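Working notes for the structure below.
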Ligand SMILES: [Cl-]
Ligand SMILES: [Cl-]
Ligand SMILES: [Mg+2]
Ligand SMILES: [Mg+2]
Ligand SMILES: [Mg+2]
Ligand SMILES: [Mg+2]
């Protein structure tokens, strides 16, 4: 099976703090253990705005740590993620919240469905 | 057709009382609804030696909702657990921000799900 | 229809030894019972080079229980894993607070479940 | 049998910071509640490099907190993990990111498949 075709992450938020050259961010980590390249449609849902959809690809037997703070998503704006792939993959979302006086990480494997 | 589950569970609930400037410790129950109908969600809070308390919230179609649990009248520094039941499938994640004059940390997890 | 699963697993267990003020480093095995019957839970601790240690707890209907694992006689700073078995479906989450004079951090995860997906 | 034969962790990364005896690392925690020793093949996937595979064993009714920073994996290089066992097991991945001025933990149970 090598994963699932749909992944969901309800708690999305790009903090705006930084420390030196290290900036707060979220990384949507995706892995493809299959033999086919994965085309993934990433839908971002907001609290009072319409959805925004991005697209990425990940080659066979490769990892991809996608920096969500580089997609034009407004910083400090709550959102949720729905990712749909044409082939099974596995995803995990991690957040780094840093500032002059703080530095913390949090992570979770996502909720999955479709060819689990 | 639809994505998610109707029931979500989060055993580790706790609202810290620490404050850091204008920032206050809290927990955010993040919910996403990828469906076409508004989700009506009943959130039940279970305690260790007190009876349950139930709240209600709604999330519009294709929207995200980061619910601040520290704004519901739940006693601070009181362990609890959460059972959330929706009329339509949704996805949930619970995150906690514990902050104080000398600390700042985050933790999160996708919840356990049922019926979806 | 009951909610939860009868078996829960948490591979990363560890009780840190630091403290700060009123707080001490610890792990909290949080369990919830949304059913109509009391849950009798057998908690097994597995170690890397030692034999298992088993504890027992009970949780009444529609109640929460945040079990402090640092108060069970488990050696501090000794890696372990947890297998929990309940007579009725429940839901569990494990969280760790690692604190000291110069650090304070939390981590958590819903556990892996079996028999009641 | 308790557990699953395949486990996946998309967000792998070994930080390079240290603080005294403390060294940043990731611990792949595995538990075997079965009666037979588990032979586990751990595959590491990278963003622009080929996979690297390691092997470990875990005795019956034992825990194993595997230090991933002791396997020759380049530090500060994103990767993902796929672990395959001949018998059912359960896995969790935790990261300690520590330095002169920070100390933080994050963790998640992994995505699983081929499990009872
Ligand atoms: Cl975490
Ligand atoms: Cl998690
Ligand atoms: Mg922290
Ligand atoms: Mg954390
Ligand atoms: Mg910290
Ligand atoms: Mg987590």
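Chains as they are written, first to last, in the entry's author numbering: chain B, 1 to 116; chain A, 0 to 115; chain D, 0 to 116; chain C, 1 to 116.
We put the CB at the ideal spot given by N, CA and C, even for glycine.
Is residue 109 of chain A near ligand 2, in the sense that its beta carbon is under 7 Å from a heavy atom of that ligand? Looking up residue 109 of chain A in the second chain gives position 110. Yes, the beta carbon of residue 109 of chain A sits closer than 7 Å to at least one heavy atom of ligand 2.
As a quick exercise: from C/71, C/104, C/65, pick the residue whose alpha carbon is nearest that of residue 18 of chain C. Here residue 18 of chain C is taken as the residue at index 18 of the fourth chain, counted from 1. Ranking the options by Cα distance to residue 18 of chain C, first place goes to C/104.
Sorry if obvious, but does the Cβ on residue 106 of chain A come closer than 7 Å to a heavy atom of ligand 1? By one-based count along the second chain, residue 106 of chain A stands at place 107. Within the cutoff, so yes.
Counting only beta-carbon atoms, is residue 74 of chain C nearer than 8 Å to chain B? As a position in the fourth chain, residue 74 of chain C is number 74, starting the count at 1. Residue 74 of chain C does not count as touching chain B.
Rounded to the nearest angstrom, how far is the Cβ of residue 106 of chain C from that of residue 95 of chain C, given a contact under 8 Å? Taking the first residue of the fourth chain as position 1, residue 106 of chain C is located at position 106. Taking the first residue of the fourth chain as position 1, residue 95 of chain C is located at position 95. About 5 Å separates the two Cβ atoms, so the contact holds.
Rounded separation between residue 3 of chain A and residue 5 of chain B - CA only: Residue numbering aside, residue 3 of chain A sits at position 4 when the second chain is read from its first letter. Residue numbering aside, residue 5 of chain B sits at position 5 when the first chain is read from its first letter. One alpha carbon belongs to residue 3 of chain A, the other to residue 5 of chain B, and they sit about 13 Å apart.
Contacts that residue 43 of chain B makes with chain D (C-beta to C-beta distance below 8 Å): Along the first chain, one-based indexing puts residue 43 of chain B at 43. Result: empty, since nearest Cβ-Cβ is about 24 Å, beyond 8 Å.
Measuring straight from C-alpha to C-alpha, what distance separates residue 29 of chain B and residue 63 of chain A? Here residue 29 of chain B refers to the residue found at position 29 when the first chain is read from its first residue. Here residue 63 of chain A refers to the residue found at position 64 when the second chain is read from its first residue. In a straight line, the C-alpha of residue 29 of chain B is about 21 Å away from that of residue 63 of chain A.
Check the Cβ-Cβ distances between residue 95 of chain B and every residue of chain A, and say whether any is below 8 Å. Within the first chain, the letter at position 95 stands for residue 95 of chain B. True, the Cβ-Cβ gap to chain A drops below 8 Å.
Helix or strand or just coil, what does DSSP make of residue 39 of chain C? Within the fourth chain, the letter at position 39 stands for residue 39 of chain C. Three-state result, residue 39 of chain C: strand.
With distances taken between CB atoms, is the gap from residue 57 of chain B to residue 37 of chain B smaller than 8 Å? By one-based count along the first chain, residue 57 of chain B stands at place 57. By one-based count along the first chain, residue 37 of chain B stands at place 37. For residue 57 of chain B and residue 37 of chain B, yes; Cβs fall inside 8 Å.
So, helix, strand or coil for residue 71 of chain B, using DSSP? Taking the first residue of the first chain as 1, we reach residue 71 of chain B at position 71. Of the three classes helix, strand and coil, the one that applies to residue 71 of chain B here is coil, per DSSP.
Looking only at DSSP bridge pairs, what is residue 30 of chain B linked to? Locating residue 30 of chain B in the first chain gives position 30, counting from the first residue. In the DSSP output, where bridge partners are listed per residue, residue 30 of chain B has B/64, B/91.
To the nearest angstrom, report how far apart residue 90 of chain C and residue 9 of chain A are at their CA atoms. Here residue 90 of chain C is taken as the residue at index 90 of the fourth chain, counted from 1. Here residue 9 of chain A is taken as the residue at index 10 of the second chain, counted from 1. If I take the Cα positions, the gap works out to 20 Å.
Nearest-angstrom Cα separation, counted from residue 72 of chain B out to residue 99 of chain C: Taking the fourth chain and counting its residues from 1, the one referred to as residue 99 of chain C is at position 99. Taking the first chain and counting its residues from 1, the one referred to as residue 72 of chain B is at position 72. Cα-Cα distance, rounded: 30 Å.
Just to confirm the assignment, what range does the beta strand (DSSP E) spanning residue 10 of chain C have? Here residue 10 of chain C corresponds to residue number 10 of the fourth chain, with the count starting at 1. Unbroken beta strand (DSSP E) run through residue 10 of chain C: 4-12.
Looking at residue 103 of chain B and ligand 5, is the gap between the Cβ and the nearest heavy atom below 7 Å? Translated into the one-based positions of the first chain, residue 103 of chain B becomes position 103. Flag set: Cβ of residue 103 of chain B near ligand 5.
Would you say residue 65 of chain A lies against chain B (beta-carbon separation less than 8 Å)? Within the second chain, numbered from 1, the residue matching residue 65 of chain A stands at position 66. Interface residue, yes.
Helix, strand or coil for residue 21 of chain C, going by three-state DSSP, please let me know. Numbered from 1 along the fourth chain, position 21 holds the residue referred to as residue 21 of chain C. When secondary structure is reduced to three states using DSSP, residue 21 of chain C falls in the coil class, being assigned neither helix nor strand.
Out of A/86, A/97, A/101, point me to the one whose CA is closest to residue 7 of chain A's CA. Walking along the second chain from the start, residue 7 of chain A turns up at place 8. Answer by Cα proximity: A/86.
Near-chain B residues of the segment 18-31 of chain C (beta-carbon distance less than 9 Å), N- to C-terminal order: none
Does any C-beta atom of chain A lie closer than 8 Å to the C-beta of residue 104 of chain C? The residue labelled residue 104 of chain C in the question sits at position 104 within the fourth chain. Closer than 8 Å to some Cβ of chain A, the Cβ of residue 104 of chain C qualifies, so yes.
Would you give the residue range spanned by the beta strand (DSSP E) that residue 54 of chain B belongs to? Sequence index remark: in the first chain, residue 54 of chain B carries index 54 (1-based). 52-58 is the span of the beta strand (DSSP E), which, as asked, contains residue 54 of chain B.
Span separating the alpha-carbon of residue 55 of chain A from that of residue 70 of chain A: Stepping through the second chain from its first residue, residue 55 of chain A is reached at position 56. Stepping through the second chain from its first residue, residue 70 of chain A is reached at position 71. Using only the alpha carbons, I get a separation of about 13 Å.
With a Cβ-Cβ cutoff of 8 Å, do residue 45 of chain A and residue 79 of chain A count as a contact? What you label residue 45 of chain A is simply residue 46 of the second chain in a count that begins at 1. What you label residue 79 of chain A is simply residue 80 of the second chain in a count that begins at 1. Yes; because the gap between Cβ atoms is below 8 Å, this pair is in contact.
Straight-line Cα distance separating residue 116 of chain C from residue 31 of chain A: In the second chain, the residue the question calls residue 31 of chain A occupies position 32. In the fourth chain, the residue the question calls residue 116 of chain C occupies position 116. If I take the Cα positions, the gap works out to 29 Å.
In whole angstroms, what is the alpha-carbon distance linking residue 33 of chain C and residue 102 of chain C? For this step, residue 33 of chain C is matched to residue 33 along the fourth chain. For this step, residue 102 of chain C is matched to residue 102 along the fourth chain. So the two alpha carbons sit approximately 36 Å from each other.
In the structure shown, what three-state DSSP assignment does residue 114 of chain C receive? For this step, residue 114 of chain C is matched to residue 114 along the fourth chain. The answer is strand: DSSP assigns residue 114 of chain C an E or B state.
Which two residues bound the contiguous beta strand (DSSP E) that contains residue 102 of chain D? In the third chain, the residue the question calls residue 102 of chain D occupies position 103. Counted as a single uninterrupted DSSP element, the beta strand (DSSP E) harbouring residue 102 of chain D occupies residues 102-109.
Specify the secondary structure class of residue 1 of chain A as computed by DSSP and reduced to three states. Numbered from its first residue, the second chain carries residue 1 of chain A at position 2. Looking at residue 1 of chain A - three-state DSSP - the assignment turns out to be coil, as it is neither helix nor strand.
State yes or no: is the beta carbon of residue 62 of chain D nearer than 8 Å to at least one beta carbon in chain A? Position 63 of the third chain, counted from the first residue, corresponds to residue 62 of chain D. True, the Cβ-Cβ gap to chain A drops below 8 Å.
In chain D, which residues lie with their C-beta within 9 Å of the C-beta of residue 33 of chain C? Sequence index remark: in the fourth chain, residue 33 of chain C carries index 33 (1-based). Residues of chain D passing the Cβ test: 8, 43, 45, 80, 82.
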